[PDB]
Amino acid sequence: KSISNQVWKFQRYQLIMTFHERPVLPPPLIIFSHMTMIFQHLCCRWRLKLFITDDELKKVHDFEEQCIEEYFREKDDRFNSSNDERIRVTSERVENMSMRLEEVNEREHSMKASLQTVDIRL
Amino acid sequence: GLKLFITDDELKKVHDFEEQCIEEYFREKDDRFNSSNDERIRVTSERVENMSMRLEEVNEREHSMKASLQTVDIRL
Amino acid sequence: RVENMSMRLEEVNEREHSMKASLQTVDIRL
Amino acid sequence: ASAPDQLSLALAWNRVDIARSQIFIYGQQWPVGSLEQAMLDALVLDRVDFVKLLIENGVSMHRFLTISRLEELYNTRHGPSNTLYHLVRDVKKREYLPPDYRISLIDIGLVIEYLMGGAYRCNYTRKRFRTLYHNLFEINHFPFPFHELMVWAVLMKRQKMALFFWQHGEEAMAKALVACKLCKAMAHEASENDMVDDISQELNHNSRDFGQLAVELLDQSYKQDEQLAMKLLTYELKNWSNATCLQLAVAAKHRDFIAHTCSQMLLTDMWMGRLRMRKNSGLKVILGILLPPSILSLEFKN
Amino acid sequence: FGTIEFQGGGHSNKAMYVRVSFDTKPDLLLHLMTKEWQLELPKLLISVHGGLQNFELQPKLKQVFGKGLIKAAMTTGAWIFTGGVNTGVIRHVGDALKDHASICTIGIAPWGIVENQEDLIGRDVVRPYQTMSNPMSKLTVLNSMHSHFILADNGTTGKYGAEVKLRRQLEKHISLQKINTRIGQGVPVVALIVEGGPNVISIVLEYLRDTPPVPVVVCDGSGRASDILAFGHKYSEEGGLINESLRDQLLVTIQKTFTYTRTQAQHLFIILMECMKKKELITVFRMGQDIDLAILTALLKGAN
């Protein structure tokens with residue numbers, strides 16, 4: 001049921017189009033319709049496709065550029081705002097926090113020794 | 001039947017009860033939002049961001065410290 | 001804990017602004 | 001050394017942070033033809049960020065690309081394996097070979113009417129392009145060369161570049177569907193020639209990847225502007241064999257694209273026909289089937 | 001004149017331009033920027049200023065500055081009004097526009113200092129232009145990814161100052177006509193100062209001592225003149241009352257950040273007190289919110 005309740009929605013397109021190109025003349029009255037076929041085919045011998053032109057085509061191409069740009073921007077947003085990569089970036093920067101603070105404590109330890117060495121002055 | 005007719009005084013008390021309930025409902029909602037896990041992760045992350053910038057800034061500016069203090073030691 | 005870090009680092013940084021004041025004031029003497 | 005034999009090694013070294021500042025650097029005077037043969041290398045070298053390095057450099061990927069440039073790019077045994085070589089032999093046998101077999105463009109095109117299937121007579125099989133195959137082997141310049149590199153990446157299954165050629169270009173809804181059915185299609189002939197089934201595993205995975213990308217480009221474009229998404233789904237794809245996105249998605253049998261709300265209310269419109277009625281359907285129209293005079297009391301449209 | 005087509009420098013863009021003598025009629029430049037260039041009249045001008053030399057800042061100072069200027073240009077549909085060549089503050093607003101893109105950016109440069117002068121010749125012709133920027137030659141290429149450009153020769157090579165008066169009178173001209181809202185103001189010219197040197201103190205004096213009083217915004221955290229305006233701004237009380245300890249701290253950062261002498265520092269301090277008289281028309285953006293609030297607070301203040 002989980003497949004078939006959209007498989008019929010897919011099978012709408014085959015259903016829509018097979019009638020739409022089928023001879024819209026009556027099914028048991030085509031006696032007159034085949035006759036309309038062979039007549040029109042030989043008489044003209046002697047005698048969904050919107051078919052847009054370059055104005056709209058340019059107003060559709062630049063639309064799709066906004067759609068594909070904003071898509072690839074938006075994908076990056078869910079990756080950089082959902083919890084998994086939030087933990088990843090916070091843990092990795094705390095990695096670097098432990099090295100930068102390491103610098104700060106040991107370097108200011110020698111700065112406290114330099115303040116006492118400046119007490120050997122005034 | 002269930003349409004209990006009610007006089008003004010009681011109507012002020014049911015209004016007071018109802019306004020106290022709406023304000024406490026939005027209070028219980030905003031501390032559910034502010035103590036839920038995601039929000040804690042989101043704030044901690046942004047905090048860490050500012051921490052990263054500044055602690056690095058303390059590192060470079062102390063570097064200016066240790067150079068200046070050594071230069072002051074050179075003048076004594 | 002990181003709440004306490006933010007307040008603390010804030011105090012260390014404004015303090016070290018005061019330390020730049022001390023370093024330049026000692027540079028005035030020499 | 002000079003920059004022409006610098007990048008030979010740098011593209012071989014695969015270090016994005018070496019020639020981004022070096023090899024090409026303000027002050028270096030680049031020769032002629034060295035970058036364009038370095039693209040002829042890079043596409044086969046599966047250079048994902050190095051092709052886009054040379055694009056940001058300003059290789060006009062248009063002017064670079066010629067008729068026998070794509071040919072030279074198809075006749076190379078470098079990179080990953082080519083299912084191409086199994087197909088070039090399947091479709092020539094369908095029409096009527098030593099490792100010197102020349103993979104003719106119209107054969108890559110034949111692979112097209114075989115794999116994509118259906119009608120879909122490709123642009124290469126055009127009698128107009130057929131006279132330039134004999135007259136050449138700005139004619140070599142392609143109108144929209146982006147598209148012929150899109151087909152290039154997916155034939156030799158090079159998927160890192162196949163996602164790269166897709167954010168750059170036009171008709172991206174079309175290229176998503178064309179690549180999706182074409183890669184479901186290689187997932188058919190890989191089982192037909194009985195190659196190692198792990199390619200069929202990841203070409204069903206790549207076919208479904210282009211499959212989600214067609215959908216999240218569709219529901220994306222829906223909430224931007226719904227009426228103009230109609231024009232995208234219906235207009236003639238002159239480059240992609242004079243076709244239509246719904247005509248190629250049912251060709252793909254990509255069920256989920258057909259079922260997304262946008263294509264469904266398009267389909268309902270066409271089922272309603274030139275009618276606005278859209279209310280108590282079935283019963284009102286069946287009164288018009290039997291009785292003529294009810295017809296005048298329906299809301300049509302224009 | 002014509003169109004500049006960039007090879008290299010990231011995405012390919014076409015930034016059409018003209019060559020201008022530095023004393024042209026700005027009214028015909030307004031006819032130019034409405035008809036031949038075909039630009040709409042905005043409701044905001046930022047005039048971004050700084051030192052002519054390259055510099056670097058703190059990282060999210062760059063992020064806040066990069067986001068805020070273009071986000072202002074999106075909330076107002078503003079015409080940003082820059083200094084042209086790819087140095088310093090103008091390289092930074094170039095990185096700012098590279099940070100979003102997705103606007104109406106105009107740069108005015110000297111033709112005498114742009115690299116590849118003889119390459120830059122045309123008559124209404126699309127010309128391929130290079131991002132080739134030799135460090136050996138002192139000639140500096142213009143900023144790449146803008147959309148409009150005026151290259152302005154004074155005849156000589158290697159000097160500034162010929163475009164400052166043109167910039168001043170051109171934005172004076174653009175502020176003289178009635179704005180599109182047309183209630184009794186021009187376009188609100190607002191002057192952003194990231195860092196800046198000694199001359200930007202006299203340019204903010206040319207901005208403040210002006211009718212209309214141009215709302216200027218200074219940017220803190222950047223350096224040089226901006227931090228000493230900040231030092232006179234936070235420790236100000238009732239305006240011009242500034243004592244001597246931070247005066248000497250300011251004078252040793254004028255003698256170390258600017259490396260001036262003692263009398264040059266005292267002279268520039270006289271100019272600093274003359275500028276610190278007016279504290280309300282300046283708006284001091286400080287780091288710690290973007291320059292959105294800074295530019296639009298100043299917009300309203302000088303909208304008057």
# chains A, B, ... in the order shown; residues from 1 in each chain; ligands from 1
$ interface_residues --of "chain D" --to "chain A" --cutoff "7 Å" --atoms "only C-alpha atoms" --output "VMD selection string"
chain D and resid 167 170 to 171 217 220 to 221 232 234 to 236 255 258 to 259 267 271
$ select_by_dssp --residues "stretch 132-256 of chain E" --states "strand (DSSP E)" --output "list in words"
residues 148, 149, 150, 151, 189, 190, 191, 192, 193, 194, 216, 217, 218 and 219 of chain E
$ closest_residue --among "B:68, B:35, B:59, B:50" --to "residue C:7" --atoms "only C-alpha atoms"
B:50
$ interface_residues --of "chain E" --to "chain B" --cutoff "8 Å" --atoms "only C-alpha atoms" --output "PyMOL selection string"
chain E and resi 58-60
$ closest_residue --among "D:300, D:142, D:257, D:114" --to "residue D:90" --atoms "only C-alpha atoms"
D:114
$ closest_atom_pairs --of "chain C" --to "chain E" --cutoff "10 Å" --atoms "only C-alpha atoms" --output "CSV"
residue,atom,partner,partner_atom,distance
C:21,CA,E:249,CA,8.4
C:24,CA,E:249,CA,7.4
C:25,CA,E:249,CA,8.3
C:28,CA,E:248,CA,9.2
$ interface_residues --of "chain C" --to "chain B" --cutoff "9 Å" --atoms "only C-alpha atoms" --output "PDB file with N, CA, C and O atoms, in the first residue's frame"
ATOM      1  N   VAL C   2      30.394  27.026  30.477  1.00  0.00           N
ATOM      2  CA  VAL C   2      30.751  27.997  29.437  1.00  0.00           C
ATOM      3  C   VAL C   2      30.127  29.383  29.687  1.00  0.00           C
ATOM      4  O   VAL C   2      30.713  30.407  29.299  1.00  0.00           O
ATOM      5  N   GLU C   3      28.967  29.444  30.365  1.00  0.00           N
ATOM      6  CA  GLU C   3      28.469  30.704  30.946  1.00  0.00           C
ATOM      7  C   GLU C   3      29.529  31.374  31.820  1.00  0.00           C
ATOM      8  O   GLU C   3      29.856  32.572  31.651  1.00  0.00           O
ATOM      9  N   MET C   5      32.746  30.719  31.816  1.00  0.00           N
ATOM     10  CA  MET C   5      33.860  31.116  30.935  1.00  0.00           C
ATOM     11  C   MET C   5      33.668  32.448  30.266  1.00  0.00           C
ATOM     12  O   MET C   5      34.624  33.228  30.174  1.00  0.00           O
ATOM     13  N   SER C   6      32.467  32.696  29.739  1.00  0.00           N
ATOM     14  CA  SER C   6      32.207  33.941  29.041  1.00  0.00           C
ATOM     15  C   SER C   6      32.412  35.122  29.967  1.00  0.00           C
ATOM     16  O   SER C   6      33.242  35.983  29.659  1.00  0.00           O
ATOM     17  N   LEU C   9      36.310  35.275  30.862  1.00  0.00           N
ATOM     18  CA  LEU C   9      37.163  35.773  29.751  1.00  0.00           C
ATOM     19  C   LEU C   9      36.889  37.272  29.561  1.00  0.00           C
ATOM     20  O   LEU C   9      37.860  38.032  29.357  1.00  0.00           O
ATOM     21  N   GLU C  10      35.617  37.673  29.635  1.00  0.00           N
ATOM     22  CA  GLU C  10      35.257  39.108  29.496  1.00  0.00           C
ATOM     23  C   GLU C  10      36.049  39.929  30.523  1.00  0.00           C
ATOM     24  O   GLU C  10      36.525  41.027  30.159  1.00  0.00           O
ATOM     25  N   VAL C  12      38.919  39.062  32.095  1.00  0.00           N
ATOM     26  CA  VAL C  12      40.344  38.970  31.757  1.00  0.00           C
ATOM     27  C   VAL C  12      40.699  39.919  30.614  1.00  0.00           C
ATOM     28  O   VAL C  12      41.731  40.597  30.649  1.00  0.00           O
ATOM     29  N   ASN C  13      39.817  40.037  29.615  1.00  0.00           N
ATOM     30  CA  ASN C  13      40.134  40.886  28.466  1.00  0.00           C
ATOM     31  C   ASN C  13      40.063  42.378  28.798  1.00  0.00           C
ATOM     32  O   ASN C  13      40.937  43.153  28.387  1.00  0.00           O
ATOM     33  N   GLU C  16      42.963  43.169  30.743  1.00  0.00           N
ATOM     34  CA  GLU C  16      44.210  43.231  29.997  1.00  0.00           C
ATOM     35  C   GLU C  16      44.261  44.502  29.141  1.00  0.00           C
ATOM     36  O   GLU C  16      45.343  44.971  28.774  1.00  0.00           O
ATOM     37  N   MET C  19      45.812  46.472  31.491  1.00  0.00           N
ATOM     38  CA  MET C  19      47.220  46.102  31.511  1.00  0.00           C
ATOM     39  C   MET C  19      47.983  46.797  30.392  1.00  0.00           C
ATOM     40  O   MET C  19      49.168  47.118  30.549  1.00  0.00           O
ATOM     41  N   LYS C  20      47.286  47.069  29.285  1.00  0.00           N
ATOM     42  CA  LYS C  20      47.924  47.862  28.206  1.00  0.00           C
ATOM     43  C   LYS C  20      48.133  49.274  28.767  1.00  0.00           C
ATOM     44  O   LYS C  20      49.180  49.885  28.462  1.00  0.00           O
ATOM     45  N   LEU C  23      51.252  49.042  30.861  1.00  0.00           N
ATOM     46  CA  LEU C  23      52.461  48.858  30.058  1.00  0.00           C
ATOM     47  C   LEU C  23      52.888  50.161  29.390  1.00  0.00           C
ATOM     48  O   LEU C  23      54.075  50.516  29.395  1.00  0.00           O
ATOM     49  N   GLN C  24      51.927  50.900  28.827  1.00  0.00           N
ATOM     50  CA  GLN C  24      52.249  52.199  28.244  1.00  0.00           C
ATOM     51  C   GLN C  24      52.660  53.224  29.299  1.00  0.00           C
ATOM     52  O   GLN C  24      53.537  54.059  29.035  1.00  0.00           O
ATOM     53  N   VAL C  26      54.252  52.519  32.095  1.00  0.00           N
ATOM     54  CA  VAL C  26      55.635  52.187  32.412  1.00  0.00           C
ATOM     55  C   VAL C  26      56.567  52.560  31.270  1.00  0.00           C
ATOM     56  O   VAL C  26      57.748  52.839  31.501  1.00  0.00           O
ATOM     57  N   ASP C  27      56.063  52.565  30.032  1.00  0.00           N
ATOM     58  CA  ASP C  27      56.869  53.023  28.904  1.00  0.00           C
ATOM     59  C   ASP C  27      57.087  54.531  28.954  1.00  0.00           C
ATOM     60  O   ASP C  27      58.052  55.050  28.379  1.00  0.00           O
ATOM     61  N   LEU C  30      60.335  55.125  31.198  1.00  0.00           N
ATOM     62  CA  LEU C  30      61.588  54.867  30.501  1.00  0.00           C
ATOM     63  C   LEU C  30      61.596  55.563  29.146  1.00  0.00           C
ATOM     64  O   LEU C  30      60.908  56.564  28.950  1.00  0.00           O
TER      65      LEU C  30
END
$ closest_residue --among "A:115, A:95, A:77, A:33" --to "chain C" --atoms "only C-alpha atoms"
A:115
$ atom_distance --atom1 "atom CA of residue D:285" --atom2 "atom CA of residue D:261"
24.8 Å
$ interface_residues --of "chain E" --to "chain A" --cutoff "12 Å" --atoms "only C-alpha atoms" --output "PyMOL selection string"
chain E and resi 100-102
$ write_last_selection --atoms "N, CA and C atoms" --output "PDB file, in the first residue's frame"
ATOM      1  N   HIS E 100      28.678  37.871  -0.214  1.00  0.00           N
ATOM      2  CA  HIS E 100      27.292  37.570  -0.571  1.00  0.00           C
ATOM      3  C   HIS E 100      27.044  37.558  -2.072  1.00  0.00           C
ATOM      4  N   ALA E 101      27.350  38.656  -2.782  1.00  0.00           N
ATOM      5  CA  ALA E 101      26.917  38.936  -4.152  1.00  0.00           C
ATOM      6  C   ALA E 101      25.416  38.732  -4.318  1.00  0.00           C
ATOM      7  N   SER E 102      25.039  37.680  -5.048  1.00  0.00           N
ATOM      8  CA  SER E 102      23.652  37.248  -5.273  1.00  0.00           C
ATOM      9  C   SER E 102      22.766  38.334  -5.883  1.00  0.00           C
TER      10      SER E 102
END
$ closest_atom_pairs --of "chain D" --to "chain E" --cutoff "10 Å" --atoms "only C-alpha atoms" --output "Markdown table"
| residue | atom | partner | partner_atom | distance |
| --- | --- | --- | --- | --- |
| D:25 | CA | E:132 | CA | 8.5 |
| D:26 | CA | E:133 | CA | 5.3 |
| D:27 | CA | E:134 | CA | 5.2 |
| D:28 | CA | E:132 | CA | 8.6 |
| D:29 | CA | E:132 | CA | 9.0 |
| D:52 | CA | E:10 | CA | 9.8 |
| D:53 | CA | E:10 | CA | 9.2 |
| D:54 | CA | E:8 | CA | 9.1 |
| D:55 | CA | E:10 | CA | 8.0 |
| D:56 | CA | E:10 | CA | 4.6 |
| D:57 | CA | E:8 | CA | 4.7 |
| D:58 | CA | E:8 | CA | 4.7 |
| D:59 | CA | E:8 | CA | 8.4 |
| D:60 | CA | E:7 | CA | 8.7 |
$ write_last_selection --atoms "C-alpha atoms" --output "short mmCIF file (atom, residue, chain, number, x, y, z; two decimals), in the first residue's frame"
data_model
loop_
_atom_site.label_atom_id
_atom_site.label_comp_id
_atom_site.auth_asym_id
_atom_site.auth_seq_id
_atom_site.Cartn_x
_atom_site.Cartn_y
_atom_site.Cartn_z
CA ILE D 25 50.55 33.59 -9.46
CA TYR D 26 50.38 37.30 -10.32
CA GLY D 27 53.57 37.78 -12.33
CA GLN D 28 53.64 34.41 -14.06
CA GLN D 29 53.26 34.75 -17.84
CA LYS D 52 37.15 24.35 -10.74
CA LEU D 53 40.60 25.79 -10.03
CA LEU D 54 41.12 26.26 -13.74
CA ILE D 55 37.58 27.62 -14.14
CA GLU D 56 38.25 30.28 -11.51
CA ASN D 57 41.53 30.84 -13.36
CA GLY D 58 39.47 31.58 -16.45
CA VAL D 59 39.71 28.67 -18.77
CA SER D 60 36.71 29.52 -20.90
#
$ decode --residues "stretch 12-68 of chain B" --atoms "C-alpha atoms" --output "compact mmCIF listing (two decimals), in the first residue's frame"
# COMPACT_ATOMS: atom_id res chain seq x y z
CA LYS B 12 -13.31 39.50 37.28
CA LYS B 13 -12.00 36.49 39.21
CA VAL B 14 -12.32 34.13 36.19
CA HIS B 15 -10.63 36.79 34.03
CA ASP B 16 -7.81 37.08 36.58
CA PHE B 17 -7.41 33.30 36.70
CA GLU B 18 -7.34 33.12 32.91
CA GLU B 19 -4.75 35.88 32.44
CA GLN B 20 -2.53 34.29 35.08
CA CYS B 21 -2.84 30.99 33.20
CA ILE B 22 -1.90 32.50 29.81
CA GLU B 23 1.20 34.21 31.20
CA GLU B 24 2.35 31.10 33.05
CA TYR B 25 1.76 28.98 29.93
CA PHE B 26 4.10 31.17 27.87
CA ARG B 27 6.56 31.05 30.75
CA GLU B 28 6.49 27.25 30.78
CA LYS B 29 6.93 27.30 27.02
CA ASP B 30 9.95 29.66 26.92
CA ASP B 31 11.83 27.70 29.55
CA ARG B 32 11.03 24.48 27.64
CA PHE B 33 12.62 26.17 24.63
CA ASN B 34 15.56 27.50 26.63
CA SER B 35 16.35 24.17 28.35
CA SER B 36 15.81 21.83 25.40
CA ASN B 37 19.00 20.18 24.13
CA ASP B 38 19.31 21.76 20.65
CA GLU B 39 19.07 25.28 22.08
CA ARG B 40 21.77 24.47 24.64
CA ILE B 41 23.99 23.15 21.81
CA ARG B 42 23.22 26.21 19.61
CA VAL B 43 24.09 28.76 22.38
CA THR B 44 27.18 26.85 23.60
CA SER B 45 28.45 26.77 20.00
CA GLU B 46 27.96 30.52 19.38
CA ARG B 47 29.54 31.23 22.81
CA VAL B 48 32.56 29.04 21.84
CA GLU B 49 32.79 31.10 18.61
CA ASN B 50 33.24 34.37 20.47
CA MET B 51 35.57 32.57 22.92
CA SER B 52 37.79 31.40 20.02
CA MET B 53 38.12 34.92 18.59
CA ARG B 54 38.84 36.57 21.96
CA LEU B 55 41.15 33.95 23.49
CA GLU B 56 43.21 34.18 20.31
CA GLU B 57 43.07 37.95 20.75
CA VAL B 58 44.36 37.59 24.33
CA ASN B 59 47.18 35.41 22.95
CA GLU B 60 48.33 38.00 20.39
CA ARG B 61 47.89 40.97 22.72
CA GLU B 62 49.82 39.21 25.48
CA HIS B 63 52.48 38.61 22.86
CA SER B 64 52.60 42.41 22.66
CA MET B 65 52.72 42.30 26.50
CA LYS B 66 55.69 39.95 26.72
CA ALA B 67 57.64 41.91 24.11
CA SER B 68 56.89 45.20 25.91
